[PDB]
Amino acid sequence: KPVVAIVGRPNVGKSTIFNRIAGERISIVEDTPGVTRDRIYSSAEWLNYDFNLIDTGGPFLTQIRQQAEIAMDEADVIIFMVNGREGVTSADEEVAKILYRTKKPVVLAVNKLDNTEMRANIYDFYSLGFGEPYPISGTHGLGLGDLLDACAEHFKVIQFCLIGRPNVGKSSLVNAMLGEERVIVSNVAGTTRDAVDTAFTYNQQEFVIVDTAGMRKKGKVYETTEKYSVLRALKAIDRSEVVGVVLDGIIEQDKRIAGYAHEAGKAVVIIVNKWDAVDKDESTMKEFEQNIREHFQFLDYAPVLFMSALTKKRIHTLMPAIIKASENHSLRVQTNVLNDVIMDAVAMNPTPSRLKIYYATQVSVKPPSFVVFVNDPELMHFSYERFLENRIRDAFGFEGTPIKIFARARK
Amino acid sequence: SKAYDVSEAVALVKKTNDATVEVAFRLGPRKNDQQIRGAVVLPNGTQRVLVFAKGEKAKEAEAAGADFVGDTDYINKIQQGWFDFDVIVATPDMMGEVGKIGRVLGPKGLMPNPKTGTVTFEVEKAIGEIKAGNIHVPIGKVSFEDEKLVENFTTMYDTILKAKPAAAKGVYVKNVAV
RNA sequence: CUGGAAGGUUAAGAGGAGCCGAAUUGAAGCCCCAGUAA
RNA sequence: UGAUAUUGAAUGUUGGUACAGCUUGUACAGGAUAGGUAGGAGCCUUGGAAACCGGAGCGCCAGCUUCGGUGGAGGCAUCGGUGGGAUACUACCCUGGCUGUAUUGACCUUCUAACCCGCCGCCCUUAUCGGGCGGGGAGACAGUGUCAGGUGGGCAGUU
RNA sequence: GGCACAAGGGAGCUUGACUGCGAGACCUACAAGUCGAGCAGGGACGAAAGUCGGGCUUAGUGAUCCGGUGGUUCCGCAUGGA
Ligand SMILES: Nc1nc2c(ncn2[C@@H]2O[C@H](COP(=O)(O)OP(=O)(O)NP(=O)(O)O)[C@@H](O)[C@H]2O)c(=O)[nH]1
Ligand SMILES: Nc1nc2c(ncn2[C@@H]2O[C@H](COP(=O)(O)OP(=O)(O)NP(=O)(O)O)[C@@H](O)[C@H]2O)c(=O)[nH]1
């Protein structure tokens with residue numbers, strides 16, 4: 003399908019426009035430094051036409073600009089934003105230099121004109137020698153009709179996410195997976211800014227991986243609304259069902278990071294990185310294996326996987342691990358069999378003034394969930410609720426997924 | 018190695034020749056917000075100005091000294107031809123219409139734009155006064181006397197400074213090349 | 001778990017010709033070496 | 001757990017600044033195939049100005065920039081427009097370097113004076129405190145005052 | 001709860017399916033909350049007067065403290081601007 007890309011300079015309403023086209027995933031602030039740092043994809047709709055959209059950026069500047077050039081070539085038409093209020097700047101011609109040697113169609117846009125009187129001053133914007141400028145506004149939806157047509161003229175499954183704290187290798191992890199340079203990797207913390215989509219197929223099966231740029235301590239987040247980026251990570255979690263957790267070869274915040282995932286009723290998998298950094302010899306894995314088991318007990322179903330991004334070892338095993346967690350998270354059981362075992366549990370533990382068990386059935390299949398029909402909803406004890414939990418998780422697999430349990434009254 | 022004075026350089030650009042004495046001035052983009060680009064009538068001072079006057083404003087444009095005004099649209103005569111001559115000014119009504127024609131004025135430096143005082147309702151007063169962060173300004177000739185270019189550079193420097201750009205902080209002056 | 005690269009595979013693909021798929025590249029994992037049994 | 005003042009002296013290793021001087025931008029033209037600001041007010045001259053042959057940087061691997069003695073008062077011709085240009089610049093500037101100029105910054109050895117001694121002698125003095133002179137050892141770190149990553153079970157607030 | 005005079009069909013384009021604006025029902029605790037009188041501006045096959053819609057109430061969670069972006073003949077702490 004046709005691909006469209008927008009390029010420009012800091013402070014030109016790009017991310018803003020892209021969001022106005024569709025969605026609000028793109029982060030928006032007001033300052034020179036805070037800009038989208040890498041490519042991101044999406045979908046659009048304009049008449050029968052249905053092209054996508056590529057968003058780019060304006067310390068480290070060579071990388072992002074280079075990434076923009078990557079987009080430049082593989083695109084179909086070119087959107088070249090520019091500001092209208094302050095006329096023509098040096099950076100405009102600077103980028104124009106590469107655009108001239110870019111043998112691609114160009115459609116220019118002018119932003120920051122949100123009132124009829126401001127619609128003028130377009131004659132000056134005739135330097136590029138390009139076509140007709142079409143004004144647009146970000147705060148208001150002005151002048152977009154002419155722009156789109158300008159573009160339409162030349163116009164002819176599961177998802178899983180990875181999270182962690184900043185500076186762990188999560189960006190290096192992904193790019194290596196695809197085996198493609200897709201996201202920026204740096205040795206400084208919080209290099210990535212916002213979540214990035216990536217769609218690919220594995221073993222005749224398509225998948226969608228997502229990054230979340232890492233997260234600092236919750237009292238450590240005092241910046242120019244960099245929580246505005248942190249929430250994007252939260253939305254991403256809601257978007258996908260499977261979450262992989264990445265720790266470097271333990272800090273309590275990592276437990277706290279796992280806090281949101283577990284309560285979300287989303288399958289969660291434990292992953293480690295940088296295994297090459299530490300000593301690697303006989304029976305080394307055990308020390309971590311029980312340390313994570315000892316530290317993390319409110320989760321048990323999570324399988325433990327080992328990989329090292331730099332040397333790229335065991336990375337093949339990671340993908341399959343994800344598939345196994347999937348059906349486990351989407352699986353119903355025959356109500357006859359489920360209730361068949363509920364009593365055995367109570368036969369071996371005839372000590373519930379006394380609770381009574383009559384029925385239990387699977388209702389929610391999206392996340393393994395069930396409901397028990399008892400006599401006294403108050404009479405229970407959380408330990409007993411923890412008892413019936415393990416029994417069922419041992420009768421069948423239900424591994425790598427959480428379980429929610431409900432206890433209705435007799436009614 | 019030596020920075021000459023203003024009273025010496027006017028008498029010396031007599032000797033750097039009938040040539041035209043012009044001034045470069047390095048300004049102090053970061054500061055594009057308060058950039059320094061402009062035009063002002065000159066004291067110690072042949073053009074051919076063609077106007078785009080609309081409505082009644084053509085009636086005062088034909089007596090001030092302009093060569094050709096127009097038949098309210100001769101951009102079709104501008105298409106496929108049009109040796110432009112000196113200066114193009116316009117009025118704030120047909121400017122948009124002329125502008126939507128393309129860059130026949132973009133890389134040729136005559137596009138009407140009301141940031142320069144050239145697109146206004148006073149076309150009679152506009153004919154009579156015209157006849168990387170750098171500004172070029174023709175202040176005069178070689179054959180002018182020594183007291184002409186001093187007032188010319190004084191007027192242009194007072195115009196630049198009168199316009200003390202916002203974000204005045206930091207040095208404003210870098211270089212004067214006469 | 002440990003090296004030493006050899007034996008090929010390169011793996012979904014990345015790519016695609018004819019007609020869904022040519023050639024051509026393509027990490028791991030398989031000792032393909034034993035020591036190791038935790 | 002990193003910065004900054006105590007905190008001083010010389011070696012080399014380098015840096016970063018600025019200041020000069022030299023050189024750099026080959027492109028779809030124009031004797032080839034070069035960045036933001038004037039169509040001249042030619043040069044005779046000179047590793048060739050026709051051909052003519054070194055040198056890099058190189059190369060856009062094309063074919064140029066000048067240091068430039070044969071032919072040489074011959075030569076291209078300021079001069080025009082297969083790219084938005086087009087000369088003699090008033091020439092400013094950036095870019096990328098080189099050269100040196102100076103002003104600092106940092107690592108390597110580091111020496112001693114700093115700052116230290118739950119080291120040994122003498123004196124105050126009858127004194128396992130303290131203090132002053134000596135030696136000795138470590139020596140610019142340590143420790144010491146203010147800014148940033150864990151971490152308190154130590155202290156609260158809480159429905 | 002309709003008997004076609006409210007389930008056919010040239011044009012009349014066409015969500016006035018709008019901008020102004022208002023007497024009663026409610027519940028009558030009120031706030032709130034809802035549903036339907038009455039009128040200038042052309043804005044219609046329109047010519048005689050018919051127009052604030054998909055002919056039972058059934059929605060875009062609460063439309064909000066939701067403003068941080070924007071037009072200002074409003075103020076601006078001694079007078080100009082900010
Ligand atoms: N007044 C006004 N401000 C606008 C308009 N469009 C955008 N802005 C402002 O400009 C800011 C910059 O836009 P943003 O999309 O964040 O830019 P970016 O994310 O850095 N990407 P880029 O710099 O390439 O455009 C926005 O946060 C918004 O405040 C507009 O039409 N009018
Ligand atoms: N030795 C070693 N280094 C690694 C490994 N994976 C990543 N790194 C390095 O660790 C650093 C972390 O880079 P990056 O992927 O950006 O980590 P991140 O910051 O957690 N991801 P993000 O940028 O999205 O926040 C990089 O310098 C990367 O080269 C690994 O397996 N081994």
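Each protein sequence line maps, in turn, to chains W and Y.
Going left to right, the first sequence walks through residues 3 to 60, 67 to 164, 175 to 267, 271 to 373, 378 to 436 as the authors' numbering numbers them.
Going left to right, the second sequence walks through residues 18 to 34, 39 to 49, 52 to 68, 72 to 157, 168 to 214 as the authors' numbering numbers them.
Ideal Cβ positions, reconstructed from N, Cα and C, are used throughout, including at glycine.
Backbone secondary structure at residue i - three-state DSSP
i                : result
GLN311 (chain W) : helix
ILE144 (chain W) : coil
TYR108 (chain W) : helix
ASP56 (chain Y)  : helix
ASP361 (chain W) : helix
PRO174 (chain Y) : strand
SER189 (chain W) : helix
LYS245 (chain W) : helix
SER329 (chain W) : strand
Range covered by the alpha helix (DSSP H) that runs through residue i
i                : result
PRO341 (chain W) : 336-350
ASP182 (chain Y) : 182-198
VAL27 (chain Y)  : 23-29
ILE78 (chain W)  : 70-82
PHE218 (chain W) : Premise fails: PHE218 (chain W) lies in the beta strand (DSSP E), 215-220, not in any alpha helix (DSSP H).
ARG22 (chain W)  : 16-23
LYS151 (chain Y) : 149-156
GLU123 (chain Y) : 121-125
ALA158 (chain W) : 152-162
Distance cut-off 6 angstroms: residue i Cβ against heavy atoms of ligand 2
i                : result
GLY232 (chain W) : yes
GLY15 (chain W)  : no
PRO67 (chain W)  : no
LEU265 (chain W) : no
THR38 (chain W)  : no
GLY169 (chain Y) : no
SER189 (chain W) : yes
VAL203 (chain W) : yes
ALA20 (chain Y)  : no
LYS295 (chain W) : yes
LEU331 (chain W) : yes
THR209 (chain W) : yes
Paired residues, beta bridge with residue i - DSSP
i                : result
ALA288 (chain W) : W:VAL260
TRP48 (chain W)  : W:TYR51
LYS429 (chain W) : W:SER394
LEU180 (chain W) : W:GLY262
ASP57 (chain W)  : W:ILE8
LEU76 (chain Y)  : Y:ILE114
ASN294 (chain W) : W:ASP266
Beta-carbon separation (whole angstroms), residue i vs residue j, contact threshold 8 angstroms
i                : j                : result
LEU131 (chain Y) : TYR134 (chain W) : 6 angstroms
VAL228 (chain W) : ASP215 (chain W) : 6 angstroms
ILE336 (chain W) : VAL325 (chain W) : About 15 angstroms separates the two Cβ atoms, so there is no contact after all.
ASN185 (chain W) : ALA207 (chain W) : 4 angstroms
Residue range of the unbroken beta strand (DSSP E) whose run includes residue i
i                    : result
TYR383 (chain W)     : 382-387
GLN223 (chain W)     : 223-228
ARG418 (chain W)     : Element bounds for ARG418 (chain W): not the beta strand (DSSP E) but the alpha helix (DSSP H), 407-420.
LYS103 (chain Y)     : Premise fails: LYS103 (chain Y) lies in the alpha helix (DSSP H), 101-104, not in any beta strand (DSSP E).
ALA117 (chain W)     : 114-118
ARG27 (chain W)      : Neither: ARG27 (chain W) is in no beta strand (DSSP E) and is coded neither H nor E.
residue 51 (chain Y) : Missing here is residue 51 (chain Y); chain Y as given proceeds from 49 to 52 without the residues in between.
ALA213 (chain Y)     : 209-213
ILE87 (chain W)      : 85-88
beta-carbon residue i near ligand 1 non-hydrogen atom, thresh 6 angstroms
i                    : result
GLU25 (chain Y)      : no
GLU94 (chain W)      : no
residue 62 (chain W) : Residues lacking coordinates in chain W include everything strictly between 60 and 67, among them residue 62 (chain W).
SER145 (chain W)     : yes
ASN193 (chain W)     : no
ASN129 (chain W)     : no
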